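Trainee: Submitted below is the structure of interest, expressed as structure tokens.
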Ligand SMILES: CCCCCCSC[C@H](NC(=O)CC[C@H]([NH3+])C(=O)O)C(=O)NCC(=O)O
Ligand SMILES: CCCCCCSC[C@H](NC(=O)CC[C@H]([NH3+])C(=O)O)C(=O)NCC(=O)O
């Protein structure tokens with residue numbers, strides 16, 4: 004089974020949790036709880052750049068979120084049929100990641116910058132990102148983003164939709180095809196299982212969990 | 002049928018690694034330089050930019066935005082992305098490390114003036130203590146001339162590009178890393194990369210204050 008080394012939070016690992024779950028792959032987590040737990044990983048030679056996420060998979064120890072994701076996507080045939088399809092996938096999921104990163108640093112930003120950053124994100128979802136993905140879907144009228152077939156792009160997008168919902172349930176309301184995709188993907192047996200109570204899916208980061216991160220990652 | 006066309010402003014920015022990679026692959030390309038916010042607006046209105054941003058590259062009859070999408074496609078097309086999934090993961094791991102350090106360096110002139118000095122010091126420490134030791138360790142592990150699969154890949158190209166940037170930053174930083182210095186020399190001597198380093202190539206200079214003002218106007222920040 005793949006083993007995920009991270010702290011007990013969404014952070015940089017949650018999209019890996021989603022992708023693995025969506026692929027039907029059972030994994031294990033080893034939760035880092037302290038600065039010393041992290042330092043033990045570092046000491047033991049487990050972390051190429053002294054950082055997590057790190058995933059032990061197929062007998063090697065992989066750091067770098069995108070390295071982890073690309074490998075899993077390829078392995079479980081969720082990265083398209085060919086390099087042209089991979090190009091569409093990569094374009095879409097990099098837009099999703101840009102938005103995702105913004106949503107992630109929300110509580111980590113200075114408190115005096117939080118309001119402006121939230122307003123900015125909302126505007127980008129409204130005017131930039133949702134129109135772009137709605138456009139792709141309305142272009143080919145198909146149930147999936149690429150190749151008329153489940154890909155990581157669908158998984159990464161729907162994950163994002165859940166985060167946007169948490170922010171403001173109205174943001175999606177003028178994008179019927181995004182709403183429909185959320186529903187379809189969420190009803191896929193693997194994803195439906197991951198969405199159920201008690202799965203490895205992680206909650207939004209609260210103030211205590213942020214406090215933990217500051218201790219573990221020294222910031 | 003048509004050479005790739007790179008849409009960006011006349012500056013390194015987010016396009017420089019693509020310029021390096023295409024040149025290293027031996028691929029002639031064209032550039033269409035954005036001069037103003039109006040030029041970027043025209044791209045947006047023409048429907049050429051999926052997220053209303055550049056870098057954008059027209060290659061093989063399609064428009065690609067997102068630096069990583071562009072690079073991934075190029076690397077795969079020209080067999081600079083490893084021979085299998087495991088080699089790809091090594092490559093990805095290395096180049097994402099490189100990306101992290103490169104962004105730190107890129108965003109240095111856009112730090113508020115009072116944060117500028119402490120940030121630099123932190124960059125030097127991470128170069129010395131974190132990044133250069135990792136890559137020196139890889140080179141030492143196998144003793145081969147290339148990072149991955151004993152064959153040229155995008156990892157060698159991305160890393161050597163960064164070595165040149167670090168040299169601009171502080172020529173002393175590479176000093177205790179002999180294998181890194183050796184990689185830089187060998188890669189610089191490959192016919193394609195040699196041509197790219199010569200005067201007059203599409204390789205772009207370090208970004209100066211006035212270029213950065215051009216970016217503030219074009220990209221409205
Ligand atoms: C907003 C919630 C906070 C999320 C937790 C912080 S991520 C922890 C941090 N890891 C990274 O920044 C890895 C970035 C890398 N580019 C990747 O994508 O994997 C780390 O190990 N830091 C230790 C170090 O760099 O020294
Ligand atoms: C240190 C300053 C260096 C100048 C670099 C400017 S990059 C310009 C900017 N592009 C992006 O942020 C693209 C990000 C994207 N994630 C990618 O990798 O391609 C843009 O088009 N912005 C316009 C917009 O987003 O509206």
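Residue numbers (PDB author numbering), protein chains in the order written: chain B, 4 to 222; chain A, 2 to 222. Built from N, CA and C at the ideal position, the CB exists for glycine as well.
Taking DSSP's pairing of strands, which residues face residue 65(A) in a bridge?
Mentor: According to DSSP, which records beta bridges pairwise, residue 65(A) is partnered with 58(A).
Trainee: Grouping DSSP H, G and I as helix and E and B as strand, with all else coil, what is residue 86(B)?
Mentor: Here residue 86(B) sits in helix by DSSP.
Trainee: Could you tell me which of 44(B), 112(B), 17(B), 187(B) sits nearest to residue 207(B), measuring between CA atoms?
Mentor: Minimum Cα distance to residue 207(B) is reached at 17(B).
Trainee: I think residue 119(B) touches residue 94(A), with their Cβ atoms under 8 Å apart; what is that distance to the nearest whole Å?
Mentor: Incorrect: roughly 35 Å between the Cβ atoms, too far for contact.
Trainee: Roughly how many whole angstroms lie between the Cα atoms of residue 161(B) and residue 41(B)?
Mentor: Between residue 161(B) and residue 41(B), the C-alpha separation is close to 31 Å.
Trainee: Please work out which residues of its chain come closer than 8 Å, Cβ to Cβ, to residue 53(A), disregarding the five sequence neighbours upstream and downstream, and give them in chain order.
Mentor: These residues qualify, in order along the chain: 45.
Trainee: Where does residue 35(A) sit, in a helix, a strand or coil, going by DSSP?
Mentor: Reduced to three states, the DSSP call for residue 35(A) is strand.
Trainee: Within 10 angstroms of the Cβ of residue 73(A), are there 16 or more other Cβ atoms? Answer buried if so, exposed if not.
Mentor: So residue 73(A) ends up on the buried side.
Trainee: From the beta carbon of residue 97(B), is the nearest beta carbon of chain A less than 9 Å away?
Mentor: Judged by the 9 Å Cβ criterion, residue 97(B) is in contact with chain A.
Trainee: Put residue 81(B) into one of helix, strand or coil per three-state DSSP.
Mentor: Correct three-state label for residue 81(B): coil.
Trainee: Tell me, please, whether the segment 148 to 155 of chain B touches the segment 73 to 82 of chain B by the rule of three or more beta-carbon pairs shorter than 8 Å.
Mentor: Counting Cβ pairs under 8 Å, three or more are found: they touch.
Trainee: Could you check what DSSP says for residue 133(B) in three-state terms: helix, strand or coil?
Mentor: Helix.
Trainee: Examine the Cβ distances between the segment 176 to 195 of chain B and the segment 125 to 140 of chain B and report whether three or more of them are shorter than 8 Å.
Mentor: Contact holds: three or more Cβ-Cβ distances are below 8 Å.
Trainee: Rounded to whole angstroms, what is the Cα-Cα separation between residue 205(A) and residue 92(B)?
Mentor: Going by the C-alpha atoms only, they are around 29 Å apart.
Trainee: Find out if the Cβ-Cβ distance for the pair residue 96(B), residue 124(B) is shorter than 9 Å.
Mentor: Against a cut-off of 9 Å, the Cβ pair of residue 124(B) and residue 96(B) comes out as no contact.
Trainee: Anything in chain B within Cβ reach of residue 52(A), meaning under 8 Å, just list it in chain order.
Mentor: The answer, in chain order, is 98, 101, 131, 132, 135.
Trainee: Which residues, in order along the segment 31 to 51 of chain A, keep a beta-carbon less than 9 Å from a beta-carbon of chain B?
Mentor: For the segment 31 to 51 of chain A, which is checked against every Cβ of chain B, the residues closer than 9 Å are 51.
Trainee: For residue 98(B), is the classification buried or exposed, using 16 other Cβ atoms within 10 angstroms of its Cβ as the cut-off for buried?
Mentor: Burial call: buried.
Trainee: Just how far apart, CA to CA, sit residue 163(A) and residue 193(A)?
Mentor: Their Cα atoms are separated by approximately 17 Å.
Trainee: At the level of alpha carbons, what is the spacing between residue 57(A) and residue 184(B)?
Mentor: One C-alpha to the other measures close to 27 Å.
Trainee: Helix, strand or coil: which one does DSSP assign to residue 7(A)?
Mentor: Three-state result, residue 7(A): strand.
Trainee: Whole alpha helix (DSSP H) runs in the segment 145 to 191 of chain A with 4 or more residues, listed along the chain?
Mentor: List check, alpha helix (DSSP H) in window: 155 to 170, 179 to 190.
Trainee: Are the CB atoms of residue 76(B) and residue 22(B) nearer to each other than 9 Å?
Mentor: Against a cut-off of 9 Å, the Cβ pair of residue 22(B) and residue 76(B) comes out as a contact.
Trainee: Identify each residue in the segment 68 to 92 of chain B for which the Cβ-Cβ distance to at least one residue of chain A is less than 7 Å, and report them in chain order.
Mentor: Correct list: 69, 70, 73, 74, 77, 78, 86, 89, 90.
Trainee: Just how far apart, CA to CA, sit residue 148(A) and residue 102(B)?
Mentor: Cα to Cα, residue 148(A) sits roughly 32 Å from residue 102(B).
Trainee: Less than 8 Å between the CB of residue 224(A) and some heavy atom of ligand 1, yes or no?
Mentor: Only positions 2 to 222 of chain A appear in the structure, and residue 224(A) is not among them; the question remains open.
Trainee: With a threshold of 9 Å between beta carbons, is residue 16(B) in contact with chain A?
Mentor: No, no contact with chain A.
Trainee: Give me the Cβ distance between residue 213(B) and residue 110(B), rounded to the nearest whole Å; I'm assuming they're in contact under 8 Å.
Mentor: Contact flag correct, Cβ pair sits at about 6 Å.
Trainee: Alpha helix (DSSP H) containing residue 220(B): first to last residue?
Mentor: 210 to 220 is the span of the alpha helix (DSSP H), which, as asked, contains residue 220(B).
Trainee: Are residue 30(A) and residue 6(A) close, meaning C-beta to C-beta below 9 Å?
Mentor: Yes, Cβ-Cβ distance for residue 30(A) and residue 6(A) is below 9 Å.
Trainee: Going by the C-beta, is residue 17(B) closer than 8 Å to any heavy atom of ligand 3?
Mentor: Ligand 3 is not among the ligands present in this structure, which contains only ligand 1 and ligand 2.
Trainee: Hey, is residue 66(B)'s beta-carbon within less than 9 Å of any beta-carbon in chain A?
Mentor: Closer than 9 Å to some Cβ of chain A, the Cβ of residue 66(B) qualifies, so yes.
Trainee: So what's residue 202(A) in DSSP terms, helix, strand or just coil?
Mentor: The answer is coil: DSSP assigns residue 202(A) none of H, G, I, E or B.
Trainee: Is any heavy atom of ligand 1 found at a distance shorter than 8 Å from the C-beta of residue 14(B)?
Mentor: It does: the Cβ of residue 14(B) is within 8 Å (strictly closer) of some heavy atom of ligand 1.
Trainee: Using only CA atoms, which one of 209(A), 219(A), 203(A), 222(A) lies nearest to residue 24(A)?
Mentor: When only C-alpha atoms are compared, the closest one is 203(A).
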